[PDB]
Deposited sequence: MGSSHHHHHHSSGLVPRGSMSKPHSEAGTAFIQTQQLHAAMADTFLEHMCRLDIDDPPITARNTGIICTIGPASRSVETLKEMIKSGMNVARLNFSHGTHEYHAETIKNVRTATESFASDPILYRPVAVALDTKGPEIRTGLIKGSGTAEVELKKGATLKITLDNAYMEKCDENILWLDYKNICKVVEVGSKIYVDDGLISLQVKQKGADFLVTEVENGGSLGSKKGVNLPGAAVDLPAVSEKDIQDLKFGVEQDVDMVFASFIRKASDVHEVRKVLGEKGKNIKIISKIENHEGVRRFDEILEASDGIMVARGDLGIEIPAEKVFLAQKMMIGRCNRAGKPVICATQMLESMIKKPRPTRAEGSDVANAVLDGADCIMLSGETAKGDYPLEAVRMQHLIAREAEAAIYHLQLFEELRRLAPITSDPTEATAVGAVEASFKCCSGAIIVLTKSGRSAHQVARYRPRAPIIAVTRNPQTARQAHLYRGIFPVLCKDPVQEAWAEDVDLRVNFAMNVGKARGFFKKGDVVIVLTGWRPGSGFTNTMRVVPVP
(Lines of atoms letter the chains of each structure in order from A and count residues from 1; the text may use other names and numbers.)
(Lines give C-alpha, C1' and ligand atoms only; values in the text may rest on other atoms or scores of the structure.)
Protein backbone atom coordinates (compact mmCIF):
# COMPACT_ATOMS: atom_id res chain seq x y z
CA UNK A 1 0.00 0.00 0.00
CA UNK A 2 3.00 2.29 -0.57
CA UNK A 3 1.98 3.30 -4.10
CA UNK A 4 0.87 6.92 -4.57
CA UNK A 5 -2.04 6.04 -6.90
CA UNK A 6 -4.58 3.23 -7.00
CA UNK A 7 -3.45 2.50 -10.57
CA UNK A 8 0.18 2.09 -9.44
CA UNK A 9 -1.06 0.00 -6.52
CA UNK A 10 -2.72 -2.32 -9.06
CA UNK A 11 0.46 -2.62 -11.18
CA UNK A 12 2.54 -3.71 -8.15
CA UNK A 13 0.29 -6.64 -7.17
CA UNK A 14 2.62 -9.66 -7.19
CA UNK A 15 1.32 -13.26 -7.21
CA UNK A 16 4.60 -14.42 -5.63
CA UNK A 17 4.49 -12.19 -2.51
CA UNK A 18 2.90 -14.50 0.10
CA UNK A 19 0.19 -13.14 2.42
CA UNK A 20 0.14 -13.02 6.23
CA UNK A 21 -1.04 -15.99 8.30
CA UNK A 22 -4.14 -14.23 9.65
CA UNK A 23 -7.31 -14.29 7.51
CA UNK A 24 -9.58 -11.35 8.43
CA UNK A 25 -12.78 -12.04 6.50
CA UNK A 26 -15.27 -14.29 8.27
CA UNK A 27 -16.64 -17.38 6.54
CA UNK A 28 -20.29 -18.33 7.00
CA UNK A 29 -21.19 -21.91 6.07
CA UNK A 30 -24.71 -23.22 5.53
CA UNK A 31 -25.06 -26.55 7.32
CA UNK A 32 -26.96 -29.33 5.55
CA UNK A 33 -26.74 -33.12 4.97
CA UNK A 34 -23.31 -32.76 3.37
CA UNK A 35 -21.89 -31.06 6.51
CA UNK A 36 -24.19 -31.96 9.42
CA UNK A 37 -22.00 -34.71 10.92
CA UNK A 38 -19.87 -33.99 13.98
CA UNK A 39 -16.83 -35.37 12.11
CA UNK A 40 -17.37 -33.10 9.13
CA UNK A 41 -18.10 -30.06 11.30
CA UNK A 42 -14.73 -30.56 13.02
CA UNK A 43 -13.03 -30.42 9.61
CA UNK A 44 -15.19 -27.43 8.59
CA UNK A 45 -13.93 -25.60 11.70
CA UNK A 46 -10.36 -26.69 10.95
CA UNK A 47 -10.79 -25.44 7.38
CA UNK A 48 -11.91 -21.98 8.51
CA UNK A 49 -15.66 -21.88 9.22
CA UNK A 50 -16.56 -19.16 11.73
CA UNK A 51 -20.39 -19.10 11.61
CA UNK A 52 -22.86 -21.96 11.07
CA UNK A 53 -25.99 -20.86 9.19
CA UNK A 54 -29.21 -22.84 9.63
CA UNK A 55 -31.65 -22.14 6.82
CA UNK A 56 -35.12 -22.44 8.36
CA UNK A 57 -36.69 -22.47 4.89
CA UNK A 58 -36.54 -26.26 5.29
CA UNK A 59 -36.40 -28.72 8.17
CA UNK A 60 -38.23 -29.11 11.48
CA UNK A 61 -37.27 -27.64 14.83
CA UNK A 62 -36.08 -31.12 15.89
CA UNK A 63 -33.79 -31.33 12.87
CA UNK A 64 -32.23 -27.90 13.47
CA UNK A 65 -31.91 -28.59 17.21
CA UNK A 66 -29.82 -31.63 16.30
CA UNK A 67 -27.61 -29.70 13.84
CA UNK A 68 -27.06 -27.03 16.52
CA UNK A 69 -26.00 -29.79 18.96
CA UNK A 70 -23.59 -31.28 16.40
CA UNK A 71 -22.13 -27.81 15.78
CA UNK A 72 -21.57 -27.22 19.48
CA UNK A 73 -20.12 -30.70 19.94
CA UNK A 74 -17.65 -30.16 17.11
CA UNK A 75 -16.77 -26.74 18.54
CA UNK A 76 -16.24 -27.82 22.14
CA UNK A 77 -14.04 -30.70 20.96
CA UNK A 78 -11.25 -28.05 20.79
CA UNK A 79 -12.16 -26.28 24.05
CA UNK A 80 -9.51 -28.09 26.13
CA UNK A 81 -6.87 -25.62 24.84
CA UNK A 82 -8.21 -22.03 25.04
CA UNK A 83 -5.12 -20.75 23.22
CA UNK A 84 -6.04 -22.62 20.00
CA UNK A 85 -9.80 -22.70 20.61
CA UNK A 86 -11.81 -20.99 17.89
CA UNK A 87 -15.34 -19.78 18.76
CA UNK A 88 -18.08 -20.73 16.29
CA UNK A 89 -21.30 -18.75 15.97
CA UNK A 90 -24.77 -20.10 15.22
CA UNK A 91 -27.03 -18.14 12.86
CA UNK A 92 -30.77 -18.57 12.29
CA UNK A 93 -31.88 -17.64 8.73
CA UNK A 94 -35.65 -17.25 8.55
CA UNK A 95 -37.95 -18.64 5.88
CA UNK A 96 -39.81 -15.34 5.52
CA UNK A 97 -42.41 -14.69 2.77
CA UNK A 98 -41.29 -17.42 0.37
CA UNK A 99 -43.39 -18.53 -2.59
CA UNK A 100 -43.01 -22.17 -3.71
CA UNK A 101 -44.58 -24.57 -6.18
CA UNK A 102 -46.05 -27.95 -5.26
CA UNK A 103 -44.88 -31.48 -5.98
CA UNK A 104 -44.56 -32.85 -9.50
CA UNK A 105 -47.17 -35.58 -10.09
CA UNK A 106 -45.95 -39.03 -9.08
CA UNK A 107 -46.28 -40.18 -12.70
CA UNK A 108 -43.63 -37.95 -14.29
CA UNK A 109 -39.44 -37.15 -12.33
CA UNK A 110 -39.54 -33.64 -13.79
CA UNK A 111 -41.57 -32.06 -16.60
CA UNK A 112 -40.25 -30.02 -19.50
CA UNK A 113 -41.83 -26.62 -19.98
CA UNK A 114 -41.07 -25.66 -23.58
CA UNK A 115 -40.87 -22.14 -24.98
CA UNK A 116 -44.27 -20.70 -25.89
CA UNK A 117 -46.46 -23.41 -24.35
CA UNK A 118 -49.37 -22.59 -22.07
CA UNK A 119 -49.24 -23.35 -18.35
CA UNK A 120 -52.11 -22.91 -15.93
CA UNK A 121 -51.43 -21.78 -12.37
CA UNK A 122 -54.12 -22.61 -9.81
CA UNK A 123 -54.52 -22.28 -6.06
CA UNK A 124 -56.77 -25.40 -5.78
CA UNK A 125 -55.17 -27.64 -3.15
CA UNK A 126 -56.25 -30.73 -5.14
CA UNK A 127 -53.21 -30.21 -7.36
CA UNK A 128 -50.64 -29.34 -4.70
CA UNK A 129 -48.94 -32.70 -5.28
CA UNK A 130 -50.03 -33.19 -8.91
CA UNK A 131 -47.93 -30.55 -10.67
CA UNK A 132 -47.16 -31.20 -14.33
CA UNK A 133 -46.53 -29.43 -17.64
CA UNK A 134 -50.10 -28.14 -17.91
CA UNK A 135 -51.00 -27.30 -14.30
CA UNK A 136 -48.77 -25.77 -11.60
CA UNK A 137 -49.89 -25.24 -8.02
CA UNK A 138 -48.15 -22.78 -5.70
CA UNK A 139 -48.68 -21.78 -2.10
CA UNK A 140 -49.32 -17.99 -2.37
CA UNK A 141 -53.10 -17.90 -1.98
CA UNK A 142 -53.44 -14.29 -3.18
CA UNK A 143 -51.13 -14.43 -6.20
CA UNK A 144 -54.02 -13.38 -8.46
CA UNK A 145 -54.80 -10.19 -6.52
CA UNK A 146 -51.27 -8.85 -7.12
CA UNK A 147 -50.47 -9.75 -10.71
CA UNK A 148 -51.99 -8.56 -13.98
CA UNK A 149 -51.94 -9.80 -17.56
CA UNK A 150 -48.47 -9.28 -19.00
CA UNK A 151 -46.84 -9.78 -15.56
CA UNK A 152 -43.73 -11.94 -15.42
CA UNK A 153 -43.57 -14.89 -13.03
CA UNK A 154 -40.22 -16.54 -12.32
CA UNK A 155 -39.67 -20.10 -11.11
CA UNK A 156 -36.69 -22.06 -9.73
CA UNK A 157 -33.79 -19.59 -9.25
CA UNK A 158 -35.37 -17.38 -11.92
CA UNK A 159 -34.46 -19.93 -14.61
CA UNK A 160 -38.03 -20.36 -15.88
CA UNK A 161 -40.10 -17.33 -16.89
CA UNK A 162 -43.87 -17.16 -17.30
CA UNK A 163 -46.02 -14.33 -18.64
CA UNK A 164 -49.61 -13.99 -17.43
CA UNK A 165 -52.10 -13.90 -20.31
CA UNK A 166 -55.35 -14.49 -18.38
CA UNK A 167 -56.02 -13.54 -14.74
CA UNK A 168 -58.85 -15.34 -12.94
CA UNK A 169 -60.41 -15.30 -9.47
CA UNK A 170 -58.88 -18.75 -8.82
CA UNK A 171 -56.47 -19.35 -11.72
CA UNK A 172 -53.87 -17.83 -14.05
CA UNK A 173 -53.10 -18.75 -17.66
CA UNK A 174 -49.44 -18.24 -18.52
CA UNK A 175 -47.22 -18.48 -21.58
CA UNK A 176 -43.87 -20.19 -21.04
CA UNK A 177 -41.22 -17.63 -22.10
CA UNK A 178 -37.85 -19.21 -21.15
CA UNK A 179 -38.56 -22.95 -20.81
CA UNK A 180 -36.82 -25.67 -18.82
CA UNK A 181 -37.21 -28.72 -16.63
CA UNK A 182 -39.47 -28.07 -13.63
CA UNK A 183 -39.18 -29.95 -10.34
CA UNK A 184 -40.97 -29.89 -7.02
CA UNK A 185 -41.14 -27.08 -4.45
CA UNK A 186 -39.17 -24.53 -6.46
CA UNK A 187 -39.04 -20.88 -5.47
CA UNK A 188 -41.25 -18.34 -7.23
CA UNK A 189 -40.41 -14.68 -7.72
CA UNK A 190 -42.87 -11.93 -8.64
CA UNK A 191 -40.71 -8.83 -9.22
CA UNK A 192 -42.56 -5.56 -9.55
CA UNK A 193 -45.65 -6.98 -7.84
CA UNK A 194 -46.70 -5.71 -4.40
CA UNK A 195 -46.52 -9.03 -2.56
CA UNK A 196 -48.77 -8.85 0.52
CA UNK A 197 -47.22 -11.70 2.48
CA UNK A 198 -46.14 -10.71 6.01
CA UNK A 199 -42.51 -9.93 6.73
CA UNK A 200 -42.67 -12.03 9.90
CA UNK A 201 -45.24 -14.84 9.52
CA UNK A 202 -46.47 -17.19 12.24
CA UNK A 203 -43.87 -19.80 11.24
CA UNK A 204 -41.17 -17.11 11.47
CA UNK A 205 -42.32 -16.13 14.97
CA UNK A 206 -42.17 -19.71 16.24
CA UNK A 207 -38.82 -20.10 14.47
CA UNK A 208 -37.52 -16.90 16.08
CA UNK A 209 -38.84 -17.89 19.52
CA UNK A 210 -37.07 -21.23 18.98
CA UNK A 211 -33.89 -19.35 18.07
CA UNK A 212 -33.94 -17.53 21.42
CA UNK A 213 -34.56 -20.86 23.17
CA UNK A 214 -31.54 -22.53 21.55
CA UNK A 215 -29.36 -19.46 22.30
CA UNK A 216 -28.48 -18.60 18.69
CA UNK A 217 -26.04 -15.72 18.18
CA UNK A 218 -27.68 -13.96 15.23
CA UNK A 219 -30.69 -13.92 12.93
CA UNK A 220 -30.53 -13.56 9.12
CA UNK A 221 -33.95 -12.04 8.48
CA UNK A 222 -35.24 -12.79 4.98
CA UNK A 223 -36.84 -10.31 2.55
CA UNK A 224 -36.61 -7.26 4.81
CA UNK A 225 -38.18 -4.35 2.88
CA UNK A 226 -38.54 -1.54 5.43
CA UNK A 227 -37.40 -0.59 8.91
CA UNK A 228 -40.68 -1.66 10.53
CA UNK A 229 -39.97 -5.21 9.34
CA UNK A 230 -36.72 -5.13 11.33
CA UNK A 231 -38.69 -3.83 14.31
CA UNK A 232 -41.11 -6.75 14.20
CA UNK A 233 -38.18 -9.20 14.26
CA UNK A 234 -36.77 -7.24 17.19
CA UNK A 235 -40.08 -7.29 19.06
CA UNK A 236 -40.34 -11.08 18.57
CA UNK A 237 -36.87 -11.72 19.99
CA UNK A 238 -37.95 -9.48 22.90
CA UNK A 239 -36.18 -8.92 26.18
CA UNK A 240 -34.74 -12.43 26.31
CA UNK A 241 -33.40 -12.16 22.77
CA UNK A 242 -32.22 -8.55 23.07
CA UNK A 243 -28.55 -9.57 22.68
CA UNK A 244 -29.14 -11.50 19.42
CA UNK A 245 -27.89 -9.53 16.40
CA UNK A 246 -30.39 -8.98 13.59
CA UNK A 247 -28.85 -9.12 10.10
CA UNK A 248 -31.33 -7.83 7.52
CA UNK A 249 -31.16 -9.73 4.25
CA UNK A 250 -31.55 -7.33 1.33
CA UNK A 251 -33.20 -9.39 -1.37
CA UNK A 252 -35.67 -7.19 -3.28
CA UNK A 253 -35.92 -3.82 -5.01
CA UNK A 254 -37.74 -2.21 -2.09
CA UNK A 255 -35.04 -3.44 0.29
CA UNK A 256 -32.43 -1.61 -1.78
CA UNK A 257 -34.42 1.63 -2.10
CA UNK A 258 -35.07 1.82 1.67
CA UNK A 259 -31.63 0.54 2.60
CA UNK A 260 -30.69 3.47 4.89
CA UNK A 261 -33.70 3.05 7.18
CA UNK A 262 -33.17 -0.74 7.19
CA UNK A 263 -29.48 -0.27 8.00
CA UNK A 264 -30.26 2.11 10.89
CA UNK A 265 -32.62 -0.41 12.55
CA UNK A 266 -30.48 -3.50 11.89
CA UNK A 267 -27.31 -4.78 13.51
CA UNK A 268 -25.97 -5.73 10.08
CA UNK A 269 -26.77 -6.50 6.46
CA UNK A 270 -26.54 -9.49 4.19
CA UNK A 271 -26.38 -8.86 0.45
CA UNK A 272 -28.63 -11.85 -0.37
CA UNK A 273 -27.72 -12.01 -4.03
CA UNK A 274 -29.74 -15.12 -5.03
CA UNK A 275 -33.21 -13.61 -4.68
CA UNK A 276 -31.82 -10.10 -5.32
CA UNK A 277 -30.60 -11.03 -8.78
CA UNK A 278 -34.13 -12.22 -9.66
CA UNK A 279 -36.09 -9.31 -8.16
CA UNK A 280 -33.85 -6.81 -9.95
CA UNK A 281 -32.00 -7.26 -13.25
CA UNK A 282 -28.99 -9.52 -12.87
CA UNK A 283 -26.71 -6.85 -14.41
CA UNK A 284 -27.51 -4.49 -11.50
CA UNK A 285 -26.63 -6.79 -8.55
CA UNK A 286 -22.98 -5.68 -8.30
CA UNK A 287 -24.19 -2.07 -8.07
CA UNK A 288 -26.48 -2.92 -5.17
CA UNK A 289 -23.66 -4.98 -3.61
CA UNK A 290 -20.99 -2.29 -3.70
CA UNK A 291 -23.44 0.39 -2.56
CA UNK A 292 -24.46 -1.68 0.47
CA UNK A 293 -20.95 -2.70 1.48
CA UNK A 294 -19.82 0.93 1.12
CA UNK A 295 -22.62 2.25 3.30
CA UNK A 296 -22.15 -0.49 5.96
CA UNK A 297 -18.42 0.20 5.96
CA UNK A 298 -19.30 3.86 6.43
CA UNK A 299 -21.77 3.08 9.21
CA UNK A 300 -19.32 0.71 10.88
CA UNK A 301 -21.95 -2.08 10.67
CA UNK A 302 -21.25 -5.69 9.55
CA UNK A 303 -22.10 -6.66 5.99
CA UNK A 304 -22.18 -10.18 4.50
CA UNK A 305 -21.73 -11.00 0.82
CA UNK A 306 -23.82 -14.10 0.07
CA UNK A 307 -24.88 -16.70 -2.48
CA UNK A 308 -23.37 -18.56 -5.45
CA UNK A 309 -19.87 -17.28 -4.66
CA UNK A 310 -18.41 -20.74 -5.37
CA UNK A 311 -21.50 -22.31 -6.92
CA UNK A 312 -19.75 -24.73 -9.26
CA UNK A 313 -17.99 -26.36 -6.29
CA UNK A 314 -21.34 -27.93 -5.47
CA UNK A 315 -20.27 -30.52 -8.06
CA UNK A 316 -16.61 -29.80 -8.82
CA UNK A 317 -13.52 -29.75 -6.56
CA UNK A 318 -12.15 -26.47 -7.97
CA UNK A 319 -14.06 -23.24 -8.69
CA UNK A 320 -14.46 -21.27 -11.87
CA UNK A 321 -12.37 -18.19 -12.59
CA UNK A 322 -15.47 -16.03 -12.21
CA UNK A 323 -16.04 -17.56 -8.77
CA UNK A 324 -12.49 -16.92 -7.64
CA UNK A 325 -12.85 -13.36 -8.90
CA UNK A 326 -16.14 -12.86 -7.06
CA UNK A 327 -14.77 -13.90 -3.67
CA UNK A 328 -11.72 -11.67 -4.02
CA UNK A 329 -13.81 -8.73 -5.12
CA UNK A 330 -16.23 -9.10 -2.21
CA UNK A 331 -13.28 -8.73 0.15
CA UNK A 332 -11.85 -5.83 -1.85
CA UNK A 333 -15.30 -4.19 -1.84
CA UNK A 334 -15.08 -4.28 1.98
CA UNK A 335 -17.31 -7.22 3.01
CA UNK A 336 -17.02 -8.28 6.65
CA UNK A 337 -18.03 -11.89 5.89
CA UNK A 338 -18.35 -14.12 2.87
CA UNK A 339 -20.86 -16.92 2.82
CA UNK A 340 -21.43 -20.38 1.37
CA UNK A 341 -24.85 -21.92 0.81
CA UNK A 342 -25.43 -24.98 -1.39
CA UNK A 343 -21.65 -25.42 -1.50
CA UNK A 344 -21.55 -26.55 2.14
CA UNK A 345 -25.17 -27.54 2.79
CA UNK A 346 -25.58 -30.05 -0.07
CA UNK A 347 -22.47 -30.23 -2.28
CA UNK A 348 -19.89 -32.90 -2.94
CA UNK A 349 -16.98 -30.66 -1.77
CA UNK A 350 -17.94 -28.81 1.47
CA UNK A 351 -14.39 -28.78 2.87
CA UNK A 352 -12.85 -27.79 -0.47
CA UNK A 353 -15.26 -24.82 -0.64
CA UNK A 354 -14.37 -23.58 2.84
CA UNK A 355 -10.65 -23.91 2.13
CA UNK A 356 -10.86 -22.01 -1.16
CA UNK A 357 -12.68 -19.06 0.45
CA UNK A 358 -10.00 -19.07 3.13
CA UNK A 359 -7.25 -18.91 0.51
CA UNK A 360 -8.87 -16.22 -1.64
CA UNK A 361 -9.95 -14.04 1.29
CA UNK A 362 -6.35 -13.98 2.51
CA UNK A 363 -4.89 -13.08 -0.90
CA UNK A 364 -7.51 -10.35 -1.32
CA UNK A 365 -6.83 -8.81 2.12
CA UNK A 366 -3.16 -8.28 1.32
CA UNK A 367 -4.31 -6.57 -1.90
CA UNK A 368 -6.36 -3.92 -0.10
CA UNK A 369 -5.18 -0.34 -0.79
CA UNK A 370 -5.03 0.54 2.89
CA UNK A 371 -3.54 3.99 2.26
CA UNK A 372 -6.71 5.22 0.56
CA UNK A 373 -9.13 3.11 2.64
CA UNK A 374 -7.86 4.21 6.06
CA UNK A 375 -7.72 7.82 4.79
CA UNK A 376 -11.33 7.75 3.60
CA UNK A 377 -12.81 5.90 6.61
CA UNK A 378 -11.22 8.57 8.78
CA UNK A 379 -12.48 11.45 6.60
CA UNK A 380 -16.04 10.09 6.74
CA UNK A 381 -16.03 9.44 10.49
CA UNK A 382 -17.49 12.02 12.89
CA UNK A 383 -15.62 13.97 15.57
CA UNK A 384 -16.70 12.85 19.02
CA UNK A 385 -15.94 12.86 22.73
CA UNK A 386 -15.92 9.06 22.88
CA UNK A 387 -12.76 7.77 24.59
CA UNK A 388 -13.12 4.31 23.06
CA UNK A 389 -13.52 5.79 19.56
CA UNK A 390 -10.47 8.07 19.82
CA UNK A 391 -8.50 5.16 21.29
CA UNK A 392 -9.53 2.81 18.46
CA UNK A 393 -8.45 5.15 15.67
CA UNK A 394 -5.24 5.93 17.55
CA UNK A 395 -4.44 2.22 17.76
CA UNK A 396 -5.13 1.62 14.08
CA UNK A 397 -2.90 4.55 13.06
CA UNK A 398 -0.18 3.20 15.35
CA UNK A 399 -0.59 -0.33 13.98
CA UNK A 400 0.11 1.02 10.49
CA UNK A 401 3.08 3.08 11.74
CA UNK A 402 4.93 0.05 13.14
CA UNK A 403 3.29 -2.68 11.02
CA UNK A 404 2.23 -4.35 14.24
CA UNK A 405 1.59 -8.08 14.28
CA UNK A 406 -1.80 -7.54 15.90
CA UNK A 407 -4.06 -5.18 17.81
CA UNK A 408 -5.03 -6.82 21.10
CA UNK A 409 -8.36 -5.67 22.55
CA UNK A 410 -9.91 -6.54 25.90
CA UNK A 411 -13.65 -6.26 25.51
CA UNK A 412 -16.74 -7.54 27.35
CA UNK A 413 -19.53 -6.60 24.90
CA UNK A 414 -17.18 -6.73 21.91
CA UNK A 415 -17.82 -3.04 21.11
CA UNK A 416 -14.21 -1.91 21.68
CA UNK A 417 -13.05 -4.48 19.13
CA UNK A 418 -15.85 -3.49 16.73
CA UNK A 419 -14.67 0.13 16.92
CA UNK A 420 -11.19 -0.97 15.85
CA UNK A 421 -12.47 -3.16 13.00
CA UNK A 422 -14.44 -0.22 11.58
CA UNK A 423 -11.16 1.49 10.59
CA UNK A 424 -9.85 -1.61 8.81
CA UNK A 425 -6.35 -2.27 10.19
CA UNK A 426 -4.15 -4.59 8.17
CA UNK A 427 -3.19 -6.32 11.42
CA UNK A 428 -5.52 -8.92 12.97
CA UNK A 429 -7.53 -7.91 16.01
CA UNK A 430 -7.25 -10.39 18.89
CA UNK A 431 -10.31 -9.72 21.04
CA UNK A 432 -10.02 -11.28 24.52
CA UNK A 433 -13.36 -11.71 26.26
CA UNK A 434 -14.87 -13.90 28.98
CA UNK A 435 -18.36 -13.50 27.45
CA UNK A 436 -18.83 -16.53 25.17
CA UNK A 437 -21.60 -14.90 23.15
CA UNK A 438 -19.33 -11.90 22.50
CA UNK A 439 -16.63 -14.19 21.15
CA UNK A 440 -19.15 -15.79 18.79
CA UNK A 441 -20.66 -12.50 17.54
CA UNK A 442 -17.17 -11.03 17.03
CA UNK A 443 -17.05 -12.99 13.76
CA UNK A 444 -19.43 -10.54 12.08
CA UNK A 445 -16.67 -7.86 11.96
CA UNK A 446 -13.66 -7.96 9.61
CA UNK A 447 -10.39 -8.75 11.36
CA UNK A 448 -11.58 -9.73 14.85
CA UNK A 449 -10.01 -12.98 16.06
CA UNK A 450 -12.04 -13.66 19.21
CA UNK A 451 -10.34 -15.69 21.95
CA UNK A 452 -12.30 -16.92 24.96
CA UNK A 453 -10.65 -16.48 28.38
CA UNK A 454 -11.84 -18.97 31.01
CA UNK A 455 -9.44 -17.92 33.77
CA UNK A 456 -11.02 -16.61 36.99
CA UNK A 457 -11.40 -12.87 37.52
CA UNK A 458 -8.33 -11.56 39.35
CA UNK A 459 -9.11 -9.35 42.37
CA UNK A 460 -6.58 -6.67 41.34
CA UNK A 461 -7.82 -5.00 38.14
CA UNK A 462 -4.21 -4.57 37.01
CA UNK A 463 -3.35 -8.25 37.41
CA UNK A 464 -6.54 -9.28 35.63
CA UNK A 465 -5.66 -7.04 32.66
CA UNK A 466 -2.12 -8.45 32.46
CA UNK A 467 -3.50 -11.99 32.58
CA UNK A 468 -5.76 -11.43 29.57
CA UNK A 469 -3.06 -9.50 27.65
CA UNK A 470 -0.62 -12.38 28.25
CA UNK A 471 -3.31 -14.81 27.10
CA UNK A 472 -3.56 -12.85 23.81
CA UNK A 473 0.24 -12.93 23.48
CA UNK A 474 0.29 -16.72 23.67
CA UNK A 475 -2.60 -17.02 21.20
CA UNK A 476 -0.69 -14.71 18.87
CA UNK A 477 2.52 -16.69 19.14
CA UNK A 478 0.82 -20.10 18.93
CA UNK A 479 -1.09 -19.26 15.76
CA UNK A 480 1.94 -17.56 14.24
CA UNK A 481 0.73 -13.96 14.00
CA UNK A 482 3.89 -12.67 15.65
CA UNK A 483 7.08 -13.68 17.48
CA UNK A 484 9.01 -12.45 20.53
CA UNK A 485 10.83 -9.92 18.37
CA UNK A 486 7.73 -8.02 17.23
CA UNK A 487 5.66 -5.00 18.27
CA UNK A 488 1.92 -5.18 18.98
CA UNK A 489 -0.84 -2.75 20.01
CA UNK A 490 -2.82 -3.36 23.20
CA UNK A 491 -6.16 -1.72 24.06
CA UNK A 492 -7.32 -1.80 27.69
CA UNK A 493 -9.66 0.04 30.03
CA UNK A 494 -9.16 1.84 33.33
CA UNK A 495 -11.86 -0.03 35.31
CA UNK A 496 -13.95 -3.20 34.97
CA UNK A 497 -17.00 -3.27 32.73
CA UNK A 498 -18.20 -2.09 29.34
CA UNK A 499 -17.57 1.41 28.03
CA UNK A 500 -14.25 2.07 29.79
CA UNK A 501 -11.74 1.41 27.00
CA UNK A 502 -9.35 4.38 26.93
CA UNK A 503 -5.76 3.08 26.90
CA UNK A 504 -3.52 2.17 23.97
CA UNK A 505 -0.05 0.71 24.45
CA UNK A 506 2.63 -0.09 21.86
CA UNK A 507 4.49 -3.05 23.33
CA UNK A 508 7.27 -5.42 22.24
CA UNK A 509 6.04 -9.01 22.30
CA UNK A 510 7.77 -10.76 25.18
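Unmodelled segments of the deposited chain, in sequence order: 1 to 39, 148.
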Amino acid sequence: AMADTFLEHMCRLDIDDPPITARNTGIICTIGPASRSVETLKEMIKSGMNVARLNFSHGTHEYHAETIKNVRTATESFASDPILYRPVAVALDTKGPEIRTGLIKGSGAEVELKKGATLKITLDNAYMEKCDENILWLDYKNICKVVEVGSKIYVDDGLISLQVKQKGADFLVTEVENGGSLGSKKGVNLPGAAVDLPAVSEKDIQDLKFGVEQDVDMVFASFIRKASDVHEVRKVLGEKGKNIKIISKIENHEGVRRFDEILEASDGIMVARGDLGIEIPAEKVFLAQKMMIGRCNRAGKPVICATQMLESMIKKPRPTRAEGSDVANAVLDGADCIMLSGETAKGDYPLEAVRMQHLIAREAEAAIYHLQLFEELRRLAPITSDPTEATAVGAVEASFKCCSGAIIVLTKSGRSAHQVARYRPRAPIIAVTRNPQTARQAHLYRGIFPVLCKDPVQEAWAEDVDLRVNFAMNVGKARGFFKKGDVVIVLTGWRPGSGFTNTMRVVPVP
From here on, numbers count along this sequence of modelled residues.
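Mean CA temperature factor is higher for 375 to 383 when stretches 287 to 295 and 375 to 383 are set side by side in the entry. For the two regions 459 to 467 and 60 to 68, the entry's Cα B-factors average higher over 459 to 467. Per the PDB entry, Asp81 shows the highest C-alpha temperature factor of the residues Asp81, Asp275, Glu343, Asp326. Set against one another, the Cα B-factors of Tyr369, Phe223, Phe220, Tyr127 in the record reach their highest point at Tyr127. The PDB entry assigns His358 a C-alpha temperature factor belonging to the lowest third of its chain's modelled residues. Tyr423 sits in the lowest third of its chain by CA B factor, as recorded in the PDB entry. Looking at the C-alpha B-factors along this chain, the one for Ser248 belongs to the lowest third. Per the deposited record, the Cα B-factor of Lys484 falls in the highest third when ranked against the other modelled residues of its chain.
The entry lists a Cα temperature factor for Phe171 that places it in the highest third of the chain's modelled residues.
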